[PDB]
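Peer 1: Show me how the following folds:
(2 chains, ligands or ions: 13)
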There are 2 protein chains.
Amino acid sequence: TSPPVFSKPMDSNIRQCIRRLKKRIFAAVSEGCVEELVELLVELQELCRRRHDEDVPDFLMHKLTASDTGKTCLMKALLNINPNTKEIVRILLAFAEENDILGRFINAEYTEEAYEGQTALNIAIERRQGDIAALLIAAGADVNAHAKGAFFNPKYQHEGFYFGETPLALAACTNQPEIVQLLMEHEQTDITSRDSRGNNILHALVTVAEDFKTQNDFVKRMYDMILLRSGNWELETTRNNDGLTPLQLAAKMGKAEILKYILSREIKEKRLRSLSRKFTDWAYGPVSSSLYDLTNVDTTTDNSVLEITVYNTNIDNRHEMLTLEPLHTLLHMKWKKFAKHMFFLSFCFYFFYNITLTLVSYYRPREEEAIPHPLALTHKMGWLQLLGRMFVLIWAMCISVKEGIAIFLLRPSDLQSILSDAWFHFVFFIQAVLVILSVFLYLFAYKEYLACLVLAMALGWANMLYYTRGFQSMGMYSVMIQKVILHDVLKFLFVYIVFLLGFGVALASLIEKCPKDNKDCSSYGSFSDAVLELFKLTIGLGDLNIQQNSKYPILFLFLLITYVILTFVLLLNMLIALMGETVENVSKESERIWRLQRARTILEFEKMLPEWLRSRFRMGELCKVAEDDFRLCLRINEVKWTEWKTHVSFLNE
Amino acid sequence: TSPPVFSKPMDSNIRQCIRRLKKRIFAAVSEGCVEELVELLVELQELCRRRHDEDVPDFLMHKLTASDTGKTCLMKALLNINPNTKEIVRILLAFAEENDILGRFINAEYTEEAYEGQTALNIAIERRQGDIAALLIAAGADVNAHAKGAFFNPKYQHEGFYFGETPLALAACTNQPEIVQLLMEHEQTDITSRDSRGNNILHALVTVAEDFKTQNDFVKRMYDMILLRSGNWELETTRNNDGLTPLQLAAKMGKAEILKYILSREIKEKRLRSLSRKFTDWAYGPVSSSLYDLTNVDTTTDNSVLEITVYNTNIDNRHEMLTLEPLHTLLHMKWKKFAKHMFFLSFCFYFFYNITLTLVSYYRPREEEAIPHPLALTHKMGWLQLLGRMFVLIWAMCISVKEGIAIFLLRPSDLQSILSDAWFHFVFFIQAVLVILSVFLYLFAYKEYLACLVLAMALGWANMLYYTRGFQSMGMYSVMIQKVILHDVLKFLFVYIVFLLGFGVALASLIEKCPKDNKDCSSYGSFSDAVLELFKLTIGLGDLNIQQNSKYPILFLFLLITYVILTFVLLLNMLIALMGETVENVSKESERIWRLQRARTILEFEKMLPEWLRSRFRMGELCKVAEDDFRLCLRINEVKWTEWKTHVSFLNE
Ligand SMILES: CCCCCCCC/C=C/CCCCCCCC(=O)O[C@@H](COC(=O)CCCCCCCCCCCCCCC)COP(=O)([O-])OCC[N+](C)(C)C
Ligand SMILES: CCCCCCCC/C=C/CCCCCCCC(=O)O[C@@H](COC(=O)CCCCCCCCCCCCCCC)COP(=O)([O-])OCC[N+](C)(C)C
Ligand SMILES: CCCCCCCC/C=C/CCCCCCCC(=O)O[C@@H](COC(=O)CCCCCCCCCCCCCCC)COP(=O)([O-])OCC[N+](C)(C)C
Ligand SMILES: CCCCCCCC/C=C/CCCCCCCC(=O)O[C@@H](COC(=O)CCCCCCCCCCCCCCC)COP(=O)([O-])OCC[N+](C)(C)C
Ligand SMILES: CCCCCCCC/C=C\CCCCCCCC(=O)O[C@@H](COC(=O)CCCCCCCCCCCCCCC)COP(=O)([O-])OCC[N+](C)(C)C
Ligand SMILES: CCCCCCCC/C=C\CCCCCCCC(=O)O[C@@H](COC(=O)CCCCCCCCCCCCCCC)COP(=O)([O-])OCC[N+](C)(C)C
Ligand SMILES: CCCCCCCC/C=C\CCCCCCCC(=O)O[C@@H](COC(=O)CCCCCCCCCCCCCCC)COP(=O)([O-])OCC[N+](C)(C)C
Ligand SMILES: CCCCCCCC/C=C\CCCCCCCC(=O)O[C@@H](COC(=O)CCCCCCCCCCCCCCC)COP(=O)([O-])OCC[N+](C)(C)C
Ligand SMILES: CCCCCCCC/C=C\CCCCCCCC(=O)O[C@@H](COC(=O)CCCCCCCCCCCCCCC)COP(=O)([O-])OCC[N+](C)(C)C
Ligand SMILES: CCCCCCCC/C=C\CCCCCCCC(=O)O[C@@H](COC(=O)CCCCCCCCCCCCCCC)COP(=O)([O-])OCC[N+](C)(C)C
Ligand SMILES: CCCc1cc(O)c2c(c1)OC(C)(C)[C@@H]1CCC(C)=C[C@@H]21
Ligand SMILES: CCCc1cc(O)c2c(c1)OC(C)(C)[C@@H]1CCC(C)=C[C@@H]21
Ligand code: NA
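Peer 2: Numbering: from 1, shown residues only, chains lettered A, B, ... in the order given. Ligands and ions are numbered 1, 2, ... in the order given. Take a look:
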C-alpha cells in the first residue's frame, strides 16, 4: 500500500536543505581517514584537558554525541561499512579507553522516539560484522538491550522491521548462526526475556516465518537450534501480553510450516526425550504408530490450537492446516462420536418445525377463515393443538436465543467476511423473530399476522437448505448460492438498476394522457408501470408498439429496442458469464470449504454440550514418557503406502 | 507486412539481365587473387602515368570508383570478407599511398540516394573486422561520418536499419565494446553529435532496445558504459528534433527496461555521485529509504515522463510502466492529496444534475401539461425554480465547453483506439448539446423539446455509469460494457442484419392482400411488420401459422422454422459464446486497466487545477547531493520482506 512515513532518518549522508570538530569527526569516521581520525582525536583530547575533571566525561560524551538524535560516532562508523572500518573501530575504542569512557560510550542509545533504545551491538550484528560483534561483546557490550520504538515495533508489516528488540533475536532472524552461538554461550544472555509485546526468541522467530515452502530452512532451523540448545521445556510455555504460546501464535498468524514442525517434533537423540511430541511406538513398514501429544492441542483449556485454527478467518491458508494430525484425527473422532448424531437430530427437529409451520399455515387455511388467527393458545383441539401450537412457539424462542447470542458475540472486522456462517446466523434469527412477532401482533388484535407468518415460512423453507453441508457431494451448492449472490448478483445490480431507472422515466415521459378511454388506455402509464414492463421485457413477457404516444412513435420504438438489445443481451449474458466464472472457480475448491464448514459445525456442537457429557467424551491416556512426565496422548496408527514404496525403491537400489 | 523495396542494391554478386580493367579489379578484390591484384595494379599505374600530373588523381579515382553508385574497390573488398581479405586491404592501401590518394580514397561516400553517405569504416565495423577498423582509424579514417539515406533512416521498423548514422553508434548497437573503446579514446570522436533526427548515441541505443527481458544485457550494458565513460551530465540532457531526452524517448517508445534502469541508476563508486538518481540514505534490512530524483519525472515542465507514460496509447506495455517508482508514489500522493476529493465532488454534482433533470422531466410531468415547456426562465416558482431552472442550464454548458475542448484536442490516429476515454468524451458532449438544444428548440415555439430532453435524460443516466472507476472491485464493468459492445456486438450485427433482411422480404412476399377483412388481417403485412415479427421471434414473443398465404403454407412454415433454428440458436448462442470469451479475457486483466484509467483521471484533474493550487500541491525538497548539485527529491521509504528474506537465506547458508 502507501509507503510508510518516519521521523528524522537514522543516517543522512545527503544533507537536506532546511560544531566544527564534531562534524569533522563524523565525516572522518564515515570514510577511511585514519590519519584524520588520529589528528582530530589528539586535538579533541587537548581541548578536553582544558577544564576540571568532573566535566571531562560529560564534555567528551557531548562532543561525541549528536544532540539531534543521540547518535554516537561509533554507531555512525558501524553504519557506513568501508574496507577499513576495523581500524577506525579500534582507534575509537582505544580513545574511549584513554579517558575511561569505555562504558556509556559502548552502551549508547538513541533519543528520537522512532528508533528509541537502539545500541551499537544491533548495528554491528545487522551488517554481518561478526568480528566487531565479538569485540563489543567481550569489551563492555550489554546484550540485554531493548530496541523499542515505532520503527522496531510497527503496528503491522510493511511499516517497520520487527525482530524481537534483542541482539540474539536479530541474529537469529538475520540468519547468523555463529553470532547466535556466541551470544548464547555468553552467560549474561538470558534467553527467556520478553521484550515489548511479550515475546521470547521463539515468538520472534515464529512471527517472521513464511506461509509455505519456497526454499527457507532458515527460520525452521534457527527455531530448532534455539529450542534444542536451550535444553528445557520452558520457552514453549511462556505467554505474550495476549496470552499465547509459540504453538498458538504460529497457529493464529497462519504460519503453517512452523506449526507442522512443532506439532510433530521428534527428537531421536537420547537424553532429551522430553521436548518431543511424537513418541513413536513401533513401525513395521507402511504401518506406523505414534503418541502425539494433546496437552495443548485439544479444545479443553480455553484456546486450544484447534479452536484458533478453525474459528479464525483472517488467513486463507487453513485448508492445509487441518491435515496436520492430531487435528484431523481429533475432528474425525468427534464427528463419529458425538457430532453427527446431534447434527441429524437438529436437522430432523428443524424439518418438523418447518412442516408444522406450513401445516398450521396452509393445510388448514390458517383456520375456518371466518375471522381467525394461527396457533396462539386456543384449546379444545386435542392432538393437533398440543403439538402444533406449542412446539413451534417454544422452539422458535430456542432459536431466537441461541442465534441471538451468536450475533452478539460476532466480531465484525473478522467474522463479517462471508463464508463464516454469518449469512445463516442472520437468517435463522430473522425467521425466529418473525414468527414471534407474528404471534405477538395478532395477540392483541392487529390483523396483520399473515404477512409476517408467510415471510417466516418462506425464510424457514429457504434456510432449510443450510443443512446440505452434512453430505460431501451436495455440499458445494450451499457455498455457491452465497458466493455468487454476494460477488456477481450484488455488484451487478448497481449497474442494471441504472438502465432500468434511466429508461424507466424516459419511456414514461413520451406517453400522453388518455383518460378519454375510461381508464389508463396505455401500457406505459406511471413510473411504476413502466418499470414493471421493462422488467418483464428483461425476463420476457411480450412487447408491441404502444399507441397514444406523442412527439414520436419512432423515438419510443427506438428507445425500447435499444433497451432490449442493451439489457436482454450484453448485460444478462455478461452477468451469466461472470456467474459461470465464479461457479467454475468455487467448484474445483469443493473439498476445502466443505471440510472447513464441517469442522466449524463440529466445534460448535462440541461447545454446545454440557460439561458432564463433554468430560465423558474425552480422548487420550496418561502416557509416561521420560522419568517424570505424565502428559496426555492420542495413539494414532498411520499408514502410508506410496511414501513407503518410494522410500524403499530409492533406498536399496 | 509486405517486404520493403529499395533502389539498386549495395553489392550485386549475381549480375541481372537488363571498362575492362575496372571489372578486373572488382572481381579480383571480390575473392583471393593477390597476384591478380598485383598485376592489375601494375598495369593500372602504367596506364595512369601516360598523362599529365593534374589528371592523375582524378583519373585514378574514376578508375577505382563505380560511377553507377560511387562504390570504391576498398568497400567492395570489405563487403566480401574472405580468409585473405587482410592482404588485399594492405595492397590497396599501399597502392593508394603510392599515388598520394590515401585521403579521399579512404573517405569515399556513396552517391545513390538510398545508401547515401556511407563510408568504409561503417562496413569494416559491421563485419566484425576490428583489426581493419583500427587500421583505417589510424591511417586516415573520418569517424565523424553520417550514413544518411533511406536505408539508414527508414520511416519505421521492418523497412531499414537505423543505428545512428555514426561509426560509434553502429559499434555500440552491434555489440562491439572493444571498437567502442577504441573510437572513444580517439580524440577526434565527438560523442555528443546529433546526426539526422537529432540523436546522440544514447538515443540510438534507446531506440533499438527490447520491450522486456529475454537475455539481453547488451543494450543496457552498452548504455551504462557509454554514460559512465562519458563522465558528464550532458548526454541525458540533449533533445532531438521533436524535443525529447533519452529518458523521455525511452518512456514514449515503450522500452520499459531502459526506463527502469535509467530512473533508478545508482553509482556506488565514489567520485561520480552525480550521474545517479537513487541516492540511498540508510538501510537496516527490509526497510530501505531513497531520494529518487524528480527533476524531469514530475508533471511540471511541459512533458514529464509521467504524462508521456499515461497519455500515450500506441504501446500496450504501460501496465508494467506505472510500477517503476517514483511514478507509483507520485500517483498515490496525488490521489490521496487532491484528486479523490475532486472526483467525489464531480460525482455528486453530476448525480444532482441528473436528478434535477429527471425531476423537472417526470415528477412534475414537465408541467401542469396544458401547453407547457420545461425550465426556460419562467419565474414565480421560488425554491424549485432558482435551483431547478438555473443549475442545469448553467452546468450543461460547463460540460459542453470542457468536453468540447477535449474532442478538439483529440488526436485521431492515436486516441481513437478505444479504452482511452473517447467513448465517454463523446457521450458527455452529446448529452450536454442535447440539453442545450432542447431548451433552444421550444424557446421560440418548436414544440419538439420532449424528444431531445428525454434523449438527454436517458444518455445522462446511462453515462452516470462512468463514475464506477473510483471503486476497484466495481470498475471492470465499465470496461466490459465497452469492449464487448465494440468487439462482439458490433461485428456481429453485420451478420445478423443480413438474415433479418433476407427473410424480412421473403416472408413479406408470400403474403396475400386481404383488405376484405376491413384491415391488414395478417400478421406479416408490409416489410416493417415482418421485420418486427422476426425480431420478436429472435427475442421471443410468439408465432403461429399465418393464414391468408399464397403459393404455399408449407414454404412459409419451413422458412419461418429455418429462420428460428438459424437465429434463435446457432447465432445468438454463438454471439453469447464470443461475449463469454471476451468477458473471460478482460476479467483477469482487471487491475491493469482500472489502474490505468485511475491514473488518467488523476492527471486530468491535476491539469484542471489552477497554477496557484498546483504550486501549493508540489512534492519534494532541495536535496544537496555532491558539492554543486541542488536537485528536487522525493523521500520514499520502501519495504521488501520477501526479497530480503530470500537474499539473506541464499547469502549466508
Ligand atoms: C422493510 C425494510 C427494512 C428491512 C429490515 C430487515 C433486513 C433487510 C436487509 C437488507 C439487506 C439486504 C442485502 C444484504 C447484503 C448486503 C451486503 C451486506 O450486508 O454486507 C456487505 C458489507 O460488508 C460488511 O461487513 C457489512 C457489515 C454490516 C453489519 C455490521 C454490524 C457491526 C456491529 C455488530 C452487529 C450488531 C447487531 C446487528 C444486528 C441487529 C458484505 O460484503 P463483504 O463484506 O464484501 O463480504 C465479503 C465477501 N467475500 C468474502 C466473498 C469477499
Ligand atoms: C435495493 C435495490 C432495489 C431497489 C428497488 C427496485 C428498483 C427501483 C424501484 C422500483 C419499484 C417501483 C418504482 C418505485 C415505487 C413507486 C413510487 C416511487 O418510488 O416513485 C414515485 C415518485 O418517484 C418518482 O417518480 C421517481 C422519479 C425518477 C427517479 C428519481 C430518483 C430520486 C428520488 C428523489 C430524490 C430527491 C433528491 C433531491 C436532492 C436535492 C412514483 O410516483 P407515481 O407514479 O405517482 O407512483 C406510482 C403510483 N401508481 C402506480 C399508483 C400510479
Ligand atoms: C439521426 C441520425 C444521426 C445521429 C447523429 C448522432 C451520432 C450517432 C452515432 C452513430 C454511430 C453509432 C456507432 C458508434 C461506433 C461505431 C464505430 C466508431 O464510431 O468507430 C470505430 C472506427 O474507428 C475509428 O477510429 C472511427 C473514428 C471516427 C471519427 C474520426 C474523427 C476524426 C477527426 C477528429 C474529430 C472531429 C470532430 C468529430 C465530432 C464532431 C471504432 O472501432 P475501432 O477503431 O476498431 O476501435 C478500436 C477497438 N479496440 C481497441 C478494442 C480494438
Ligand atoms: C445501423 C444498424 C441498424 C439498421 C436498421 C435496422 C435494420 C433495418 C431496418 C429496420 C427498420 C424497419 C424497416 C425499415 C423502415 C421502413 C421503411 C424502409 O426502410 O423500407 C421501405 C422501402 O424499402 C423496402 O421495402 C426495402 C426493400 C428490401 C431491402 C432493400 C435494401 C436496399 C435499399 C434500396 C437501395 C437501392 C440501390 C439502387 C442501386 C442501383 C419499406 O416500405 P413500406 O413497406 O411502404 O414501409 C412501411 C410502411 N408501413 C409500415 C406504414 C406499412
Ligand atoms: C445510483 C446509485 C446511488 C448510490 C451511490 C453510492 C455511491 C457512494 C458509496 C460509497 C462511498 C465510498 C467512499 C469511500 C471509498 C472511496 C473509494 C475507495 O477508497 O476505493 C478503494 C477500493 O475499494 C475497494 O476495493 C472496495 C471494493 C468493494 C466495492 C463495493 C462498492 C459497492 C457500492 C455501494 C457502496 C455503498 C453501499 C450503501 C449504499 C446506500 C481504493 O481507494 P483507497 O483505499 O482510498 O486508496 C488508497 C489505497 N490504495 C491506493 C492502495 C488502494
Ligand atoms: C446408540 C448410539 C449413540 C451414539 C451417540 C449419540 C450422540 C451423543 C449422545 C447424545 C446426544 C446429545 C445429548 C445432549 C443434547 C444437548 C442439546 C442439543 O444438542 O441441542 C441441539 C440439538 O437438539 C437436541 O439435541 C434436542 C434435545 C434433546 C437431545 C437428546 C435426545 C435424546 C437422546 C437420543 C440419543 C439417540 C439418538 C438416536 C438417533 C440418532 C440444538 O441444536 P439446534 O436447535 O438445531 O441449533 C440451532 C442453531 N443451528 C441450527 C444453527 C445449529
Ligand atoms: C426436503 C427433502 C426431504 C428428504 C431429505 C432426506 C435427507 C436424508 C437422506 C439420507 C440420510 C443419509 C444418512 C447417512 C449419511 C450421513 C452423511 C454421510 O455419511 O456423509 C458422507 C459423505 O457422503 C457422500 O459422499 C455421499 C455422496 C452422495 C450424496 C447424495 C445425497 C442425496 C440426498 C438424498 C438421499 C436419500 C434419497 C431418498 C430420499 C427419499 C460422509 O460421512 P461418513 O461417511 O459418515 O464420514 C466418515 C468417513 N469420512 C469422514 C472419511 C467421510
Ligand atoms: C432476470 C434478472 C435480472 C437482474 C435483476 C433485476 C432486478 C430488478 C429489480 C427491481 C425492479 C423490478 C420491478 C419492481 C417494481 C414492480 C412493482 C411496481 O412497479 O409496482 C408495485 C409495487 O409498487 C410500489 O410502490 C411498491 C414497491 C416495493 C418494491 C418492489 C420491488 C422489490 C424488489 C426487491 C428485490 C430484492 C432481491 C434480493 C435477492 C436477489 C405495485 O404497483 P402497481 O403495479 O401500480 O400495482 C398497484 C398496486 N398499488 C396500488 C398498491 C401500488
Ligand atoms: C479538509 C480536507 C481537504 C483535503 C483536500 C480537498 C481537495 C483539494 C481542495 C479543493 C478542491 C479543488 C478546488 C479547485 C476546484 C477547481 C474546479 C474543479 O475541480 O472542477 C471540477 C469539479 O467541480 C468542482 O470542483 C466544483 C467547483 C467548486 C469546487 C470547490 C468546492 C469548495 C471546496 C470544498 C473542499 C472540501 C470538500 C469536502 C468534501 C469532500 C469539474 O469537474 P466536472 O465538471 O465533473 O468535469 C466534467 C468532465 N468529466 C466528468 C469527464 C471530468
Ligand atoms: C437479442 C439481440 C439480437 C441481436 C441484435 C438484433 C438487432 C436488430 C436491429 C434492428 C431490427 C429490429 C426491428 C427494427 C424495426 C422495428 C420497427 C418497425 O418495423 O417499424 C416502426 C419504425 O418504422 C420506421 O420506419 C422507423 C425505423 C427507425 C429505426 C428503428 C430501429 C432502430 C434500431 C437501432 C438499434 C441500435 C442499437 C445500438 C446499441 C447496441 C414503426 O412502424 P410500424 O411498426 O408499422 O408502426 C407504425 C408507425 N409509423 C406509421 C410511424 C411507421
Ligand atoms: C439458499 C441460500 C441461503 C438463502 C436463504 C434464504 O432464506 C434467502 C436467501 C438465501 O437469499 C435471499 C436473502 C435473497 C432470500 C430473500 C427472500 C427469501 C424468501 C429467502 C432469502
Ligand atoms: C454503460 C456503458 C457506457 C454507455 C453509455 C451510454 O450513454 C450508452 C451506451 C453505453 O451504449 C449505447 C451507445 C448503445 C447507448 C445508446 C442509447 C443510450 C440510452 C445510451 C447509450
Ligand atoms: Na459458458
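
Peer 1: what's around the residue nearest to residue A:226 when sequence neighbours are not counted, how many residues?
Peer 2: Excluding its sequence neighbours, the residue lying closest to residue A:226 (C-beta to C-beta, 6 or more residues apart in numbering or on different chains) is residue A:201, at 5.7 Å. For every residue, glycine as well, the C-beta is placed using N, CA and C. Per other C-beta atoms under 10 Å in any protein chain shown, the neighbour tally for residue A:201 reads 28.

Peer 1: same check, this time on residue A:533
Peer 2: 21.

Peer 1: ok, now how distant is the residue of chain A found nearest ligand 12 from residue B:486?
Peer 2: Closest contact between chain A and ligand 12, by C-beta to the nearest ligand atom, is at residue A:562 (4.9 Å). The gap separating residue A:562 from residue B:486 is 15 Å, by C-beta to C-beta, to the nearest Å.

Peer 1: Same question for residue A:1.
Peer 2: According to C-beta to C-beta, residue A:1 and residue B:486 sit 34 Å apart.

Peer 1: which of these two has more neighbours?
Peer 2: Comparing residue A:1 with residue B:486 by other C-beta under 10 Å, the one with more neighbours is residue B:486, at 13 against 6.

Peer 1: List the contacts of the closest residue to that one other than its chain neighbours.
Peer 2: Excluding the flanking residues, the one nearest residue B:486 by C-beta to C-beta, 6+ apart is residue B:418, at 5.6 Å. Neighbour list for residue B:418: B:482, B:483, B:486 [criterion: C-beta atoms under 8 Å, 6 or more residues apart in numbering or on different chains].

Peer 1: let's go with 10 Å and repeat that
Peer 2: B:313, B:479, B:482, B:483, B:485, B:486, B:487 (C-beta atoms under 10 Å, 6 or more residues apart in numbering or on different chains).

Peer 1: Max pairwise distance over those: which two?
Peer 2: Farthest pair in the contacts of residue B:418 (C-beta to C-beta) is B:313 and B:485. Separation: 19.2 Å.

Peer 1: In the stretch 301-450 of chain A, what residue spans correspond to strands?
Peer 2: With DSSP state E, counting those that start in this stretch, there are no strands along the stretch 301-450 of chain A.

Peer 1: could you pull out the helices for it?
Peer 2: A:305-310, A:327-334, A:340-358, A:383-409, A:412-415, A:422-444, A:449-463 (DSSP state H, counting those that start in this stretch).

Peer 1: Most tightly packed of those helices?
Peer 2: Sort the helices of the stretch 301-450 of chain A by mean neighbour count, taking mean count of other C-beta atoms under 10 Å in any protein chain shown, and helix A:305-310 sits at the top with a mean of 22.

Peer 1: Pull it out as PDB, backbone CA atoms only.
Peer 2: Extracted in PDB, the C-alpha atoms of helix A:305-310 (Å, rounded to 0.1, in the frame of the first residue of the first chain):
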ATOM      1  CA  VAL A 305      -4.800 -24.800  18.700                       C
ATOM      2  CA  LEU A 306      -7.900 -26.400  17.200                       C
ATOM      3  CA  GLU A 307     -10.300 -23.600  18.100                       C
ATOM      4  CA  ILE A 308      -7.800 -20.900  17.000                       C
ATOM      5  CA  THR A 309      -7.200 -22.800  13.700                       C
ATOM      6  CA  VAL A 310     -10.900 -23.200  13.000                       C
END
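
Peer 1: what residues are up against whichever residue of the stretch 201-350 of chain A sits closest to ligand 4?
Peer 2: The minimum distance from the stretch 201-350 of chain A to ligand 4, using C-beta to the nearest ligand atom, falls at residue A:316 (48.5 Å). Contact partners of residue A:316, counting by C-beta under 10 Å, 6+ apart, are A:211, A:254, A:417, A:419, A:592.

Peer 1: Please report phi then psi for the third one.
Peer 2: So the one you mean is residue A:417. Backbone torsions of residue A:417, given as degrees, to the nearest 10, read phi -60, psi 120.

Peer 1: Skipping adjacent residues, who's closest to it in space?
Peer 2: Among residues not flanking residue A:417 along the chain, residue A:313 sits closest, at 4.9 Å (C-beta to C-beta, 6+ apart).

Peer 1: Please apply the same query to the last one.
Peer 2: In space, residue A:592 comes closest to residue A:319 once its chain neighbours are excluded; the distance is 3.9 Å by C-beta to C-beta, 6+ apart.

Peer 1: what about the one you found, neighbour count?
Peer 2: Number of residues near residue A:319 (other C-beta under 10 Å) recorded here: 14.

Peer 1: what's the burial count for the residue of the stretch 101-250 of chain A found nearest ligand 1?
Peer 2: Across the stretch 101-250 of chain A, the shortest distance to ligand 1 (C-beta to the nearest ligand atom) belongs to residue A:211, at 19.1 Å. For residue A:211, the neighbour count with other C-beta under 10 Å is 15.

Peer 1: do the same with the one 3 residues further on
Peer 2: Residue crowding around residue A:214 was assessed by other C-beta under 10 Å; the count is 10.
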